[PDB]
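**Student:** Line order of the protein sequences matches chains B and A. Reading the first sequence from the start, the letters are residues 1 to 27, 27A to 27D, 28 to 198, 202 to 211 in the deposited numbering. Reading the second sequence from the start, the letters are residues 1 to 52, 52A, 53 to 82, 82A to 82C, 83 to 100, 100A to 100E, 101 to 156, 161 to 213 in the deposited numbering. Every residue, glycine too, gets a C-beta built ideally from N, C-alpha and C.
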Amino acid sequence: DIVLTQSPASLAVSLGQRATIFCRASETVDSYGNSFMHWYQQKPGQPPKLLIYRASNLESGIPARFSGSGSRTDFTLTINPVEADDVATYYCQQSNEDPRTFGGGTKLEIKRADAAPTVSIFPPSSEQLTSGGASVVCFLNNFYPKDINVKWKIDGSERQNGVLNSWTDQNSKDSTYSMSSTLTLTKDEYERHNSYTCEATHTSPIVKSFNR
Amino acid sequence: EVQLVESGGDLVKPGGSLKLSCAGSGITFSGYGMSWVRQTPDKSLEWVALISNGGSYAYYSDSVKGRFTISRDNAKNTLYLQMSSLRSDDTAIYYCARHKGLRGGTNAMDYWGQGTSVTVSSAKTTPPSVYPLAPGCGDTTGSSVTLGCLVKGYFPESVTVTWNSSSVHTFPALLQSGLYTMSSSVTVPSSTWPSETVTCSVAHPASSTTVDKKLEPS
Ligand SMILES: CC(=O)N[C@H]1[C@H](OC[C@H]2O[C@H](OP(=O)(O)O)[C@H](NC(C)=O)[C@@H](O)[C@@H]2O)O[C@H](CO)[C@@H](OP(=O)(O)O)[C@@H]1O
């Protein structure tokens, strides 16, 4: 079986720069005077899309900023100039031998200026209270870099878990990240407390709070 | 006008069976090899199987040989994957893909279906509860207002949220207890809300559930 190894696993690049992604095969993928390595792009919530076939041929419909080269065991995909739109995972795949195999993927991320989140907080909806549960939701929107810390305080005291935090993938237009933080509790516990605070750090923390 | 239309994905018990279908709209499969590939929950891509133009030649990955069958019917412009002896780690999004048809060797996968989701589990189908996330009626705002929908207590994973009214943010689902929770947000100009309608539409095919929540203040 031909094993494919991609490098690097993730690469950060500034808008307008050249991005180069590498794929090494464990044995040659050449035969009949061609190289049977293909490259695909995958954006979240979308199926894979063919970029380059047979190592060096641009697929019809694909932007000209994509190109590929190589032979035998070494292959390169180049994106030049990189656009905000190119955030995705990129895969190499060989068809010289069955079973056909993919590489592990390389995530392309955009390097960008720091940005503070816009934060929104939502008490439990009456619908949910009516049902018997209580979730308090915080959105931290359009921030950079991805590394941010969120903490909840209930009546001044930090709730560490029953907390679910989920990040989006990098935004395809402005290159920021967003995340949701949800504190789930019992209705009874919710109504036992007064002050609820979601706070973002990373320091001058950004805060949103409400009282019952 | 090209689309590969997949169906059949569902929740299935371990050891169970399931048949996926992929039919070409505005594109012919006749003359071309085809493959199935899956994306597991870690988001890696894994090649599953292929089949030649007329179906003379079939090949299977090591992980599915002896359990899955790839077939096709060119008169119906359709590709199939029959799955049996299903196990937990078959849980994935399954894509069909047509191959290019070039001479001089093998070919890349040029057209891909949207993906159909398969979950292998003993757990039961539970529809989602959907709750609106809107600021309070009095609350000061501006220049934009952030709204959302909280989707809670569902299984298996595949739900789609669509907004009708704007930057939409989609937050991946997480497992709480035995069930999934996800949220979605949208940002709209202050001046346009609550005067203009904003609605989140939540679909969970496994339970045949479709919920529309109109976002109102408070
Ligand atoms: C050597 C070769 O052609 N390999 C290709 C392989 O071929 C399988 C099979 O395909 C035809 O049979 P039908 O299935 O009956 O069409 C072919 N017959 C004719 C008339 O050409 C047979 O000779 C041949 O054995 O199939 C795969 C894809 O299915 C090809 O891969 P790509 O799709 O990636 O190109 C492979 O090149």
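Starting from A:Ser-202, find everything on chain B with Cβ-Cβ shorter than 9 Å and list it in chain order.
**Tutor:** Walking along the second sequence from the start, residue 202 of chain A turns up at place 207. Those do not exist, as A:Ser-202 stays about 17 Å from chain B at its closest Cβ, beyond 9 Å.
**Student:** Given that a residue counts as buried once 16 or more other Cβ atoms are within 10 Å of its Cβ, and exposed if not, what is B:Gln-42?
**Tutor:** Start at 1 with the first residue of the first sequence, and residue 42 of chain B comes out as number 46. Exposed is the call here.
**Student:** What's the gap between the Cα of B:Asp-184 and the Cα of B:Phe-209?
**Tutor:** Locating residue 184 of chain B in the first sequence gives position 188, where the first residue counts as 1. Locating residue 209 of chain B in the first sequence gives position 210, where the first residue counts as 1. Distance between the alpha carbons of B:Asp-184 and B:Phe-209 is about 18 Å.
**Student:** Going along chain A in order, which residues have a C-beta closer than 8 Å to the C-beta of B:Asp-94?
**Tutor:** Translated into the one-based positions of the first sequence, residue 94 of chain B becomes position 98. The contacting residues are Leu-50 and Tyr-58.
**Student:** Leaving out five residues on either side along the sequence, give the residues of the same chain with a beta carbon under 8 Å from the beta carbon of A:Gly-53.
**Tutor:** As a first step, residue 53 of chain A must be located in the second sequence, where it is residue number 54. Cβ within range, chain order: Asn-73.
**Student:** Are the CB atoms of A:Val-152 and A:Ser-179 nearer to each other than 8 Å?
**Tutor:** Start at 1 with the first residue of the second sequence, and residue 152 of chain A comes out as number 161. Start at 1 with the first residue of the second sequence, and residue 179 of chain A comes out as number 184. Yes. Within cutoff.
**Student:** I need the boundaries of the alpha helix (DSSP H) containing B:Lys-183, first residue and last residue.
**Tutor:** As a working mapping, residue 183 of chain B is identified with position 187 in the first sequence. Counting along the chain, the alpha helix (DSSP H) containing B:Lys-183 begins and ends at 183 to 188.
**Student:** Cutting at 6 Å between CB atoms, please list the residues of its own chain near A:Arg-38, excluding the five before and the five after it.
**Tutor:** Position 38 of the second sequence, counted from the first residue, corresponds to residue 38 of chain A. Cβ neighbours of A:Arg-38 beyond the five flanking positions: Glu-46, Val-48, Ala-88 and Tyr-90.
**Student:** For A:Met-100E and chain B, any beta-carbon pair shorter than 8 Å?
**Tutor:** Sequence index remark: in the second sequence, residue 100E of chain A carries index 109 (1-based). It does: the Cβ of A:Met-100E has a partner Cβ on chain B nearer than 8 Å.
**Student:** Less than 6 Å between C-beta atoms, sequence neighbours within five positions excluded: which residues of the same chain meet that for A:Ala-93?
**Tutor:** One-based indexing of the second sequence puts residue 93 of chain A at position 97. Here the set comprises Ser-35, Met-100E and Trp-103.
**Student:** For B:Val-133, which residues does DSSP report across the bridge?
**Tutor:** Taking the first sequence and counting its residues from 1, the one referred to as residue 133 of chain B is at position 137. Answer is B:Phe-118 and B:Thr-178.
**Student:** Return the CA-CA distance between B:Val-133 and A:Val-12, expressed in angstroms with no decimal places.
**Tutor:** Locating residue 133 of chain B in the first sequence gives position 137, where the first residue counts as 1. Locating residue 12 of chain A in the second sequence gives position 12, where the first residue counts as 1. When rounded, the distance between both Cα atoms is 32 Å.
**Student:** Could you spell out where the beta strand (DSSP E) holding B:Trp-35 opens and where it closes?
**Tutor:** Along the first sequence, read from residue 1 onward, the residue named residue 35 of chain B stands at position 39. That run of the beta strand (DSSP E) goes 33 to 38.
**Student:** Is A:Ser-52 near ligand 1 - that is, is its Cβ less than 7 Å away from at least one heavy atom of it?
**Tutor:** If you number the second sequence from 1, residue 52 of chain A lands on position 52. Yes, Cβ of A:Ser-52 sits closer than 7 Å to a heavy atom of ligand 1.
**Student:** Assuming A:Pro-123 is part of the beta strand (DSSP E), what are its boundary residues?
**Tutor:** As a first step, residue 123 of chain A is located in the second sequence; it is residue number 132 there, counting from the start. Its beta strand (DSSP E) spans residues 120 to 124.
**Student:** State whether the segment 169 to 178 of chain A contacts the segment 174 to 194 of chain B, with contact taken as three or more CB pairs (one from each stretch) at a distance under 8 Å.
**Tutor:** Because the criterion of three Cβ pairs below 8 Å is met, the segment 169 to 178 of chain A and the segment 174 to 194 of chain B touch.
**Student:** Is it the case that the segment 74 to 85 of chain B contacts the segment 119 to 137 of chain B, given that we only count it when at least three CB pairs across the two stretches are under 8 Å?
**Tutor:** Segments in contact, no.
**Student:** Nearest-angstrom Cα distance between A:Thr-192 and A:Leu-210?
**Tutor:** Walking along the second sequence from the start, residue 192 of chain A turns up at place 197. Walking along the second sequence from the start, residue 210 of chain A turns up at place 215. Going by the C-alpha atoms only, they are around 7 Å apart.
**Student:** Output the distance between the C-alpha atoms of B:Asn-92 and A:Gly-9, rounded to the nearest integer angstrom.
**Tutor:** Residue numbering aside, residue 92 of chain B sits at position 96 when the first sequence is read from its first letter. Residue numbering aside, residue 9 of chain A sits at position 9 when the second sequence is read from its first letter. Answer to the nearest angstrom: the Cα atoms are 30 Å apart.
**Student:** Alpha carbons only, please: which of B:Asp-70, B:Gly-66, B:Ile-48 and B:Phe-71 is nearest the one belonging to B:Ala-60?
**Tutor:** Start at 1 with the first residue of the first sequence, and residue 60 of chain B comes out as number 64. Residue B:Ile-48 is the option with its Cα nearest to B:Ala-60.
**Student:** Determine contact between the segment 109 to 122 of chain A and the segment 139 to 155 of chain A, defined as no fewer than three beta-carbon pairs at a distance below 8 Å.
**Tutor:** Result yes; three or more Cβ-Cβ pairs closer than 8 Å.
**Student:** Could you tell me the alpha carbon to alpha carbon distance between B:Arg-24 and B:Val-3, rounded to whole angstroms?
**Tutor:** Translated into the one-based positions of the first sequence, residue 24 of chain B becomes position 24. Translated into the one-based positions of the first sequence, residue 3 of chain B becomes position 3. Going by the C-alpha atoms only, they are around 8 Å apart.
**Student:** By how many angstroms is the C-alpha of B:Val-27B removed from the C-alpha of A:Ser-82B?
**Tutor:** Here residue 82B of chain A corresponds to residue number 85 of the second sequence, with the count starting at 1. Here residue 27B of chain B corresponds to residue number 29 of the first sequence, with the count starting at 1. When rounded, the distance between both Cα atoms is 33 Å.
**Student:** Say whether the segment 18 to 33 of chain A touches the segment 53 to 70 of chain B, bearing in mind that this needs 3 or more beta-carbon pairs closer than 8 Å, one atom from each stretch.
**Tutor:** The segment 18 to 33 of chain A, when compared against the segment 53 to 70 of chain B, does not touch it at the 8 Å Cβ threshold.
**Student:** Just how far apart, CA to CA, sit A:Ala-125 and B:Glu-123?
**Tutor:** Indexing the second sequence from 1 puts residue 125 of chain A at position 134. Indexing the first sequence from 1 puts residue 123 of chain B at position 127. Their backbone Cα atoms lie some 12 Å apart in a straight line.
**Student:** Under 8 Å, do B:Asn-145 and B:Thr-72 count as touching if we go by C-beta distance?
**Tutor:** Within the first sequence, residue 145 of chain B is the residue found at index 149, counting from 1. Within the first sequence, residue 72 of chain B is the residue found at index 76, counting from 1. Contact: no.
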